[PDB]
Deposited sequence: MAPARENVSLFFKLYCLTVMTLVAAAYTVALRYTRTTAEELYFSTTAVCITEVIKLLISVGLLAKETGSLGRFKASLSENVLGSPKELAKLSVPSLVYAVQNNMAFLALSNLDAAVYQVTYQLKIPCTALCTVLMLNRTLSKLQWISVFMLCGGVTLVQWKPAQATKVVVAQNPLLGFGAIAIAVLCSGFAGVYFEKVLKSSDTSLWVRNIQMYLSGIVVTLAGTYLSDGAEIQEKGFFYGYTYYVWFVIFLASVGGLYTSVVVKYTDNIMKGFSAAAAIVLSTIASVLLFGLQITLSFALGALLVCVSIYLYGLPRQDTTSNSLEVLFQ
């Protein structure tokens, strides 16, 4: 149990960090530029395949595996229909991430996208029948400022050789921020509404996710893809991004299961701070004054959020 939590967070933290800069890299240095829509779609395919394997391991046998697929996919059309909503919303979110990093510096993206933290807290209280004390709300905005400081970097020195539309990038992030809170909390509500396996829920969602993301690939880029090919512009780094997005999505679902969507934001900030401090001590990595102050705010916000809060009996007695 202890090791699984350590492996989930160090995987989450290395993947999320590497993901943004690697994605930015692939969008700015290529001559032949791949279709972002296709990478989002292939990510859904990989997550489905890994989730299927994890369900086989969890069920423990081919017969129990087949039985679970039959009851929970073939036999649960309403669950498939419900989870099509976050699949639609996530298809937009993940495509907006590529659009934004095509047009903005990674650090500009990272700071702005942290607005998902208060968004996700609001979605949580509105959709999950939960409350936050006034002190907890303070801690949520404190966390947001802390991670903003943690992520604040000087702009990259490399000159960009492709056209950029930063305003389009900011519009993309604004959409992604709204998507992040709504789809994550929607998935959480479905997951915690029954004892159905996490891996069943992921399979249920990725099935519609593959359909929606491929349809979006067709509608956005179908004509140019018939000309250039679906995998036009793919490189080792494009696959690296897809792999990172796949692992990151799977571990996101795990963190939501064992904690919640608000704790996800606190735990990711703690992991970024601790892994950065580890790299200072192990490798002499240099940090900024912004990071140092943000780290303290992250620490205080975690402390404040966990402090002990009658006015929420419906919350604690039934979920």
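- Gaps in the model relative to the deposited sequence occur at 1-8, 318-320, listed in sequence order.
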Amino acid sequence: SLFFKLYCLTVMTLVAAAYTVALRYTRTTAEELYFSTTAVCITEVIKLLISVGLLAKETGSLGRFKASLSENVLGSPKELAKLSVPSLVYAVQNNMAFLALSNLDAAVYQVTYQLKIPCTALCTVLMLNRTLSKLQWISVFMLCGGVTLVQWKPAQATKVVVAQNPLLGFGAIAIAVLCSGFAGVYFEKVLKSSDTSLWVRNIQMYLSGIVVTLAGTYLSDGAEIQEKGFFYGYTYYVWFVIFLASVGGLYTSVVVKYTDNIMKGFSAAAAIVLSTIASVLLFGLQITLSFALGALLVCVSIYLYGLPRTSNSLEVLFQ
From here on, numbers count along this sequence of modelled residues.
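- Comparing the deposited coordinates for 152-160 and 111-119, the stretch with the larger average C-alpha B-factor is 152-160.
- As the entry records it, the average C-alpha temperature factor is higher for 128-136, out of 87-95 and 128-136.
- Listed residues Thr252, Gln286, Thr26, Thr38 were ranked by CA B-factor as deposited; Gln286 comes out on top.
- In the PDB entry, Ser220 places in the highest third of its chain by CA B-factor.
- When the modelled residues of the chain are ordered by their C-alpha B factor, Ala268 lands in the middle third.
- Among the modelled residues of the chain, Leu9 sits in the highest third by CA temperature factor in this PDB entry.
- In the deposited entry, the Cα temperature factor of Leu307 places it in the highest third of its chain's modelled residues.
- Sort the modelled residues of the chain by CA B factor and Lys189 lands in the lowest third.
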